[PDB]
Every structure is written in C-alpha cells, then in structure tokens.
C-alpha cells in the first residue's frame, strides 16, 4: 500500500530530508557571514524565492501563451504574458519594436537558442575572446585551438580581442577582422570586460560586413534596466541576458528581439519588417528546449517588477559606485586592474605581476570567507590556474553596502592577496607546497574572523538571518 499523501508529500524538508535541510542552512549562513564578490552572483529576494519554490514546477506548458501543446495552462499563460510584458517594461521597450522570449532555462540556453534562430550550423560568429572578457558561449576556443564551448563546435568562431596594453576593445582590429572573416553574427557583451560598449560602433561594423548584431548583457542587465550603462537596444538586433546577475532575479534567460519595420538600407525592399520573432520562438521550442520551467518564469516576473522600481535604480547606481570605489582602493595599492578601473559592476585584476595565479587567491580567500573567482586575463593558457581574479559589487551591494564598505572590502582583498603571496614565498609555488601554508595560519584566522564580523553588520535578502539554524 502507498504512503499517505501527507507523509511524503506535505511534510517539511527539515523532516523529509534533514541532510539537505542542514546543508541549505549551512549555505545560508555562508551567504550572510562572508563577503560574496563573484561578479555574476546576487542575493535575490524572498518574494522571488517564494515564486521559484512553488507548484508552478508541476506544469507542462510547451508552446506559447494561448497556443500550447498541453491543456490546463489558463493561469500559466497569464504568468508568462505578465513576465514578458514586465520584461519589456523593465527595459523601457515598446512592444511594437521589441518582443521577448522568457523561456530560456539559463543564459547559455538563451544564447544557443538565439544562435540557432538566426544561424545555420557552421555559420560564422565573432564575439569577445574569453581572456579578453567574453563569455564561453561567444564562440570560445583556446589559443591552443581546443574547442571549449559548443558555440565553437556547431558554429565557426573567430573572436575579437582587447588591446594587449590598454585592455580596451580594439575596435579597429574588430572591424578589420569582421571584414576579413565575414561573420553572420557579431556578439557584444561579456563576462569580465570592465568597461562599457560602443554599441554604435558595433552597429557600424555589423552594417559594413552585413552581419546581425547581438548583445549579451547578462552581467549588466540590471544596470541596463536602470539606464546606468549604455543601452544595447539602440543598436543591436537581438539582446540576450540572464536574469540572476545584476538583474537580481532567478536563474533564467531572456531573448529580446526587434519587431516591426527595418531601418532604411540600400537594396533592402521597402516595407521590410524584422523576421526574428517566429525564428527565436521556434528555436527555444520546439528546436532546443522542452517544457518551460514555469516556477522560473513566475519568479522572473517578480524580479522584473522589482527591477522596475525607483529603489532598483538607486541600487544600480550604488553597484557602479561601489565597483569604482573598490577599483580605486586596489589600484592605490598597486594592483593591476585591467583598463585601470571600471565602468560597470566588476573589476578584473591581473595577479601575474605579483607572480601569483588566480586559483591560489581564490582558495586563500575562500578560507577567509571571501568568495571570489579566479579568472582568465589576456594571454592566459589556463582557466583553472589563470592569471587573474574577478571581483563584483552586485551581491554585497544588495546587502546595503556603500562605498566606504567596499573600501573595507578592498582592504580585506589586499590582506588576502598579501597573505597569498606570503604563503607562496614561504612554502613555494607548487600547490602541494602552497597548501601547507593554508593550515594553522594565524593570519588566515584573523582575516576570516574580521570578515565575518564585518559581514554580520549587514542585512540579508532572501531569508531571515534571525531565523537560520546556524547562529553566531
């Protein structure tokens, strides 16, 4: 005989699965008692999380609102229509000129569907090279020729790079490359580029070689919504994004695409209109995905409502101000930030002049409750032992930190990188040797203690710190 429904189906997680409950509680503590500096991370709201964790997960709704492959979607259709309208509203787009698909499971699924919509297999793409700051899905293959992203396997990639001495995109070399290589699609936006984008120039290059132009604004989408960085929609045909980075929503993707009359082009027929909508929609489903994750879509609708608030614009300005204040602190100590600063939410920090790799700094930081990620920098031949570390402001800004707080974060990072170098100098560069300095290191314990003291001063979205299992 079956269990009663209530026993398996209505009993709380803390009773059904104490192990997973306990680990989530440990993760909750970790999230609010360290300094979380991964530039792609945020702390989303409790309201988002309540939508995310809901009966919306139970629904199959393949297709489009009002034209589904399954019955029962009366309310799912309203949620998805609301999410789409809030997505357009959040970025101040007119529905006559822009549509959006909110079904991508994540950012990488959003980009692959966008590419599948407008490209045939082996069509040519160019995006920012990963060590220059571009994303995996922008066509990444290594300088040794190893195809890493499937966007370099199913499509033909030729990346463009930053200037090797300034760290800024070399728009002249971008243009010359696009004219030689003749891409069908040029991708802009990136994962570790600390400056804004001259989308107008990208449009000029795309028009000179007849390419489509797509912006992936995943990292800065919240800053775009808040009108705090350049808008890609003014110049790009398609804009993809994640929703969980600076937009501060659930993990999901969106694809924005132009609709309606095309701008005037020579030879182009009169009355020409954009043709993205049906192809984008079809590429997401049925080409690539299956059932939408409606709990993500519902949670995303919440997040887009929250991103369209006056409070969110001030958040986005604070993120930029915090990144700049951090950047100034680090550069004052002599740390090598790419481009010597930032115009967005992140800094990219070249550790090679110190004789360090990013994995060592990431590991030492981790032991002090400082959460970063190692990161490739220009000319790197390793991702797991790269020459850089990347620091972002969104997550801690979401806990309310301001510029002086991010100067203190800079001080903690200076202490952490100093300690990293000291350990390497005393114990050596090999990881087996370096790891010996990570044990019973009083300076690690001091820095960890200072970090948690600091972290505990601030509020925390998403859950009630007062109610967590693991207390101070």
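Positions refer to the first chain, counted from 1.
- Stretch comparison (305 to 313 versus 214 to 222) by mean CA B-factor in the PDB entry places 305 to 313 on top.
- Comparing the deposited coordinates for 158 to 166 and 359 to 367, the stretch with the larger average C-alpha B-factor is 158 to 166.
- The top Cα temperature factor in the record, among 411, 36, 27, 403, falls on 403.
- Taking the deposited Cα B-factors for 183, 286, 260, 386, the highest one is held by 260.
- When the modelled residues of the chain are ordered by C-alpha B-factor, residue 189 sits in the lowest third.
- Residue 234: CA B factor lies in the highest third for its chain, per the PDB record.
- Split the chain's modelled residues into thirds by C-alpha temperature factor. Residue 431 is in the highest one.
- Ranked against the other modelled residues of its chain, the C-alpha B-factor of residue 135 as given in the entry falls in the middle third.
- Among the modelled residues of the chain, residue 342 sits in the middle third by CA temperature factor in this PDB entry.
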